[PDB]
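Here's the structure we're looking at; comments come further down.
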Amino acid sequence: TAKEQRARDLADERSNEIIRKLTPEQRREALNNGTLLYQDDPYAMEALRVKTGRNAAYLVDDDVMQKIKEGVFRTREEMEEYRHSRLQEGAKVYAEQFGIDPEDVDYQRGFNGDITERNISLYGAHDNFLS
Amino acid sequence: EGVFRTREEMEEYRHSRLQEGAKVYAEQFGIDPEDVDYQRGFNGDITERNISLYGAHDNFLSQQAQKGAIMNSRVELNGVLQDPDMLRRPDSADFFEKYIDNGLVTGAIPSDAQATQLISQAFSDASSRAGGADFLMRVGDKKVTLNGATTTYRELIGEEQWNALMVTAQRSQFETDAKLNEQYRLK
Amino acid sequence: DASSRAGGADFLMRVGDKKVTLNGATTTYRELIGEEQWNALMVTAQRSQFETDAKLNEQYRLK
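Respectively, the protein sequence lines represent chains H, K and I.
57 is the number of the first residue of the first sequence in the authors' numbering; add one for each residue after it.
126 is the number of the first residue of the second sequence in the authors' numbering; add one for each residue after it.
250 is the number of the first residue of the third sequence in the authors' numbering; add one for each residue after it.
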């Protein structure tokens with residue numbers, strides 16, 4: 057509907073405004089005290105958590121990509137094990153950094169999105185090195 | 126350019142400049158910096174821009190780490206392989222072989238390409254020092270595993286490349302020391 | 250530049266033993282340059298005085 061689309065647009069705007077300001081430490085300290093911008097808007101909080109998850113997912117993926125390009129993993133199994141372990145730990149590591157429950161549905165929606173495409177990209181990058 | 130040597134430094138600079146530039150470009154056009162439309166324009170796609178900056182910085186961090194690893198290896202090897210008396214002992218060749226193997230096993234040397242660069246620069250340094258011919262002659266018969274193949278250090282280098290390295294190591298003593306050249310020529 | 254000037258050999262010989270930190274590694278200026286590259290730089294610095302000054306070359310050769 058028009059009202060829902062307007063609400064989602066305003067939520068995206070407010071989440072962007074929160075993200076620009078409020079250094080991760082500031083966001084974490086203002087989440088506890090309740091003095092967060094637009095904290096009374098559930099849509100804005102959902103959008104903020106999804107975008108945080110997306111940023112965390114990119115930061116986790118780029119480490120594995122750089123290690124693949126350096127030539128660290130000499131076998132595919134080694135790369136897969138490292139990727140799985142870092143994918144498990146980075147979710148939490150980037151979750152409590154922003155004061156977010158790592159098991160939130162919105163944070164996981166951001167963090168897990170397009171996992172197949174990212175895995176395919178890593179697989180191709182590693183296959184070149186293996187060849 | 127390579128200004129930020131750590132991710133935290135880049136993040137701090139980015140946050141500070143992001144806070145100040147909004148105002149700096151707001152009063153330039155006579156706009157209230159807290160306007161909803163100006164902020165809608167200024168904050169748009171902030172996540173994508175942050176991701177782009179993060180990737181651009183990660184490339185630099187990787188290349189910087191590689192350079193630092195190369196130089197740290199050179200510094201650490203000169204602790205044993207710089208004295209001409211240390212170079213003439215077989216335990217120095219054993220030390221170099223074990224250093225390369227241990228670095229490859231424990232991940233101190235993370236790549237085979239980096240190990241190849243370390244080996245090349247170590248041999249180049251040893252070719253330019255007194256007693257380096259003995260060290261290189263002893264280490265040419267020791268084993269190394271790279272790219273899934275186990276060779277000797279003489280087989281890893283070419284045969285003609287090894288012969289050229291040997292000639293350089295043997296003859297460099299008379300180019301970096303005029304005393305030896307004078308003594309032998311006068312004799 | 251120092252390799253091409255009189256007295257640059259002394260300067261380079263003294264500065265080769267001083268420390269510098271680059272790319273997260275602390276080395277000496279002689280270690281930052283290669284060993285063979287440092288030797289070539291030393292030879293250039295020592296011999297350039299007789300190529301940029303004909304007076305010195307003439308004096309030494311006549312002596």
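For each residue, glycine too, the CB sits at the ideal point set by N, CA and C.
Just to confirm, are residue i and residue j a CB contact at a threshold of 8 Å?
| i | j | result |
| --- | --- | --- |
| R279 of chain K | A218 of chain K | no |
| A255 of chain I | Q298 of chain I | yes |
| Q191 of chain K | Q239 of chain K | yes |
| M211 of chain K | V205 of chain K | yes |
| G257 of chain K | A303 of chain K | no |
| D183 of chain K | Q122 of chain H | yes |
| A103 of chain H | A58 of chain H | no |
| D259 of chain K | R213 of chain K | yes |
| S236 of chain K | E126 of chain H | yes |
| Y114 of chain H | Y138 of chain K | no |
| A247 of chain K | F221 of chain K | yes |
By the three-class DSSP mapping on this structure, what secondary structure does residue i have?
| i | result |
| --- | --- |
| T172 of chain K | helix |
| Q308 of chain I | helix |
| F129 of chain K | coil |
| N227 of chain K | helix |
| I195 of chain K | helix |
| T79 of chain H | coil |
| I282 of chain I | coil |
| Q122 of chain H | helix |
| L92 of chain H | coil |
| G257 of chain I | helix |
| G109 of chain H | helix |
| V205 of chain K | coil |
| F154 of chain K | coil |
| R213 of chain K | coil |
| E159 of chain K | coil |
| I244 of chain K | helix |
| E137 of chain K | helix |
| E85 of chain H | helix |
| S236 of chain K | coil |
To which residues does DSSP link residue i through a beta bridge?
| i | result |
| --- | --- |
| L271 of chain I | I:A274 |
If you draw a straight line from the C-alpha of residue i to the C-alpha of residue j, how long is it?
| i | j | result |
| --- | --- | --- |
| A181 of chain K | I225 of chain K | 32 Å |
| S198 of chain K | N227 of chain K | 13 Å |
| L305 of chain I | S253 of chain I | 15 Å |
| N272 of chain I | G90 of chain H | 43 Å |
| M101 of chain H | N72 of chain H | 11 Å |
| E284 of chain K | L290 of chain K | 10 Å |
| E201 of chain K | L229 of chain K | 16 Å |
| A86 of chain H | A151 of chain H | 15 Å |
| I282 of chain K | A274 of chain I | 28 Å |
| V149 of chain K | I156 of chain K | 10 Å |
| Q308 of chain K | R296 of chain K | 15 Å |
| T241 of chain K | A233 of chain K | 14 Å |
| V128 of chain H | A63 of chain H | 47 Å |
| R105 of chain H | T131 of chain H | 35 Å |
| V269 of chain I | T277 of chain I | 6 Å |
| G193 of chain K | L186 of chain K | 10 Å |
| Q286 of chain K | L261 of chain K | 13 Å |
| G109 of chain H | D208 of chain K | 55 Å |
| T301 of chain K | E300 of chain I | 21 Å |
| residue 2 of chain H | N88 of chain H | Not covered by the structure: residue 2 of chain H. The range shown for chain H is 57 to 187. |
| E133 of chain H | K223 of chain K | 27 Å |
| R70 of chain H | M135 of chain K | 25 Å |
| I124 of chain H | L243 of chain K | 20 Å |
Sufficient close CB pairs (3 or more, under 8 Å) joining the region 69–86 of chain H to the region 112–122 of chain H
Between the region 69–86 of chain H and the region 112–122 of chain H there are fewer than three inter-stretch CB-CB distances shorter than 8 Å, so the stretches are not counted as touching.
Evaluate contact between the region 166–186 of chain K and the region 174–183 of chain H, counting only Cβ atoms and requiring at least three cross-stretch pairs below 8 Å.
When C-beta atoms of the region 166–186 of chain K are compared with those of the region 174–183 of chain H, fewer than three pairs fall below 8 Å, so the two segments do not count as touching.
Contact the region 85–96 of chain H vs the region 149–163 of chain K: 3+ CB pairs below 8 Å:
By the Cβ test, the region 85–96 of chain H is not in contact with the region 149–163 of chain K, since fewer than three Cβ pairs between them sit closer than 8 Å.
Contact between the region 144–155 of chain H and the region 139–152 of chain K: three or more CB pairs below 8 Å?
Per the Cβ contact rule, the region 144–155 of chain H is not in contact with the region 139–152 of chain K (fewer than 3 Cβ pairs under 8 Å).
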